[PDB]
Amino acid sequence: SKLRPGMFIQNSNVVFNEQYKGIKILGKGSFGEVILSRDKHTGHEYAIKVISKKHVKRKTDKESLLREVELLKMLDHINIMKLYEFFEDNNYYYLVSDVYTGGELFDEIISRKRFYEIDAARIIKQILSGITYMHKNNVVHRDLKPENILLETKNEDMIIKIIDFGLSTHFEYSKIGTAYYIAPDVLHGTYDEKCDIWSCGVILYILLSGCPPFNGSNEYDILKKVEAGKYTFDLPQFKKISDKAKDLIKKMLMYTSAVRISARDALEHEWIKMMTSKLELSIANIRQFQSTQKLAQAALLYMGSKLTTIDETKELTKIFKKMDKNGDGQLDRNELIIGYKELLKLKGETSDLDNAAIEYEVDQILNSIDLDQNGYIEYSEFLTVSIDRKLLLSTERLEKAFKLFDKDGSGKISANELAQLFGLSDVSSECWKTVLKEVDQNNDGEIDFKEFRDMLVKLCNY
């Protein structure tokens, strides 16, 4: 968790397979992190997903994965992520793909001023076209979420790009919005290509209403409704939505996979052929549903970072204690890096990419401190700044998620929305309510952002 999006590593000179030079971290996806990399010889830029062998187990043998890759390399579709190459070392699996500067689908949608029914039709059509092509070539996604649906460019020429296709069949860990889209076929272990239709049917339902078919402020609550398969159109949003659109959803959300509509039949459905041929939807509900998920995970990452950083601080202090032989408290720049590495060795786990992140971590803390030019640093001061910087980064991510959440709000969070946020964060109702008392002083039932953060801090303290 030492690699953040946007961070440059080209000074570190990290090379993958002796031909791909790491340059910029684009972020993190399924099973690993994605790194912008340039070809050492040609100069092509690529996106490389870095899956580590220690954190992520493999569900299949080495022969089957290679055959799957060779199949994915020969597949070309406008809505499917291109896979150029697969390789591995002692610590990582590497997947080389194209660079998509667009971003997630639901993010671009809630960044727009408004959303129409025709827009949702064009989006679904591209998705189904990609799913159809992959199904014809016997490839199943199994894990289709709005996170796995990107755009090629920042446009308008909207081009949907489906990613992580076929990765879930071979990989498994050894986020928060996954239970909404998972098919009952997968939950029963007996899945086929029809599960991707279910996932797409759920997305269409959300694109049209702004609300999940199978809702809940908790994974167990959501998965129970998915298991039941009981959904409805009893919403104010579906009152203006065409019967053609409802007919498509009904066919895609069939519990029995044999009865469930296929990808090509859905692509040739009456609703798509009419709406994408040659009425404005609730964008507020989509924005509410998306930002709530984003703010909730930002809350988890905040509390997660603060709590994790404390324990490693107590761990690095022990290590730095055994390195400070004169007891002056000052350590070398080289000694600080060694301490970080000895933390990993005592945990079993270093890699050159990992060593690069460590140096970057150390330097960024040293760049925040008025350094004495004797070459020595107080490690207590070092760890203190380390804590504050990680707290600062967590707040900035919290500010960005809140900005999206409060686009058309009163600047405050309700008491109900906290229940939805902390519910998805698996936080006990007795916990955040007791903290809400200390945070809300005028008993308004509503609180601003600073007060919301104070809650997260006090929760790490309870």
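Numbers for residues come from their place in the sequence shown, where the first is 1.
Undergrad: Quick check on the record: how many residues from the deposited sequence are absent from the model between residue 325 and residue 326 (none, 1 to 3, 4 to 9, 10 or more)?
TA: The entry has no gap there; residue 325 and residue 326 are joined directly.
Undergrad: Between residue 174 and residue 175, how many deposited residues lack coordinates (none, 1 to 3, 4 to 9, 10 or more)?
TA: The entry has 4 to 9 unmodelled residues between residue 174 and residue 175.
Undergrad: Please compare 68-76 with 215-223 and say which has the higher mean C-alpha temperature factor in the record.
TA: In the deposited entry, the stretch with the higher C-alpha B-factor mean is 215-223.
Undergrad: On average, are the C-alpha B-factors higher in 280-288 or in 120-128?
TA: The entry gives the higher C-alpha B-factor average to 280-288.
Undergrad: Would you mind finding, among 347, 390, 142, 260, the residue with the largest C-alpha temperature factor in the entry?
TA: Out of 347, 390, 142, 260, the record gives the largest C-alpha B-factor to 347.
Undergrad: Highest recorded C-alpha temperature factor, please, choosing from 187, 96, 267, 366.
TA: Largest recorded C-alpha B-factor: 187.
Undergrad: Place residue 456 in the lowest, middle or highest third of its chain's C-alpha B-factors, as listed in the PDB entry.
TA: For residue 456, whose C-alpha B-factor we compare with every modelled residue in the chain, the answer is the lowest third.
Undergrad: Once the chain's modelled residues are ordered by C-alpha B factor and cut into thirds, is residue 426 in the lowest, middle or highest one?
TA: Top third by C-alpha B-factor.
Undergrad: Lowest, middle or highest third of the chain for the C-alpha temperature factor of residue 244?
TA: As the PDB entry reports it, the C-alpha B-factor of residue 244 lands in the middle third of its chain.
Undergrad: Rank-wise, by C-alpha B-factor, drop residue 256 into the lowest, middle or highest third of its chain.
TA: Middle third of the chain for residue 256's C-alpha B-factor.
Undergrad: Taking only the Cα B-factors deposited for this chain, tell me whether residue 433 sits in the lowest, middle or highest third.
TA: It belongs to the middle third of the chain when residues are ordered by C-alpha B-factor.
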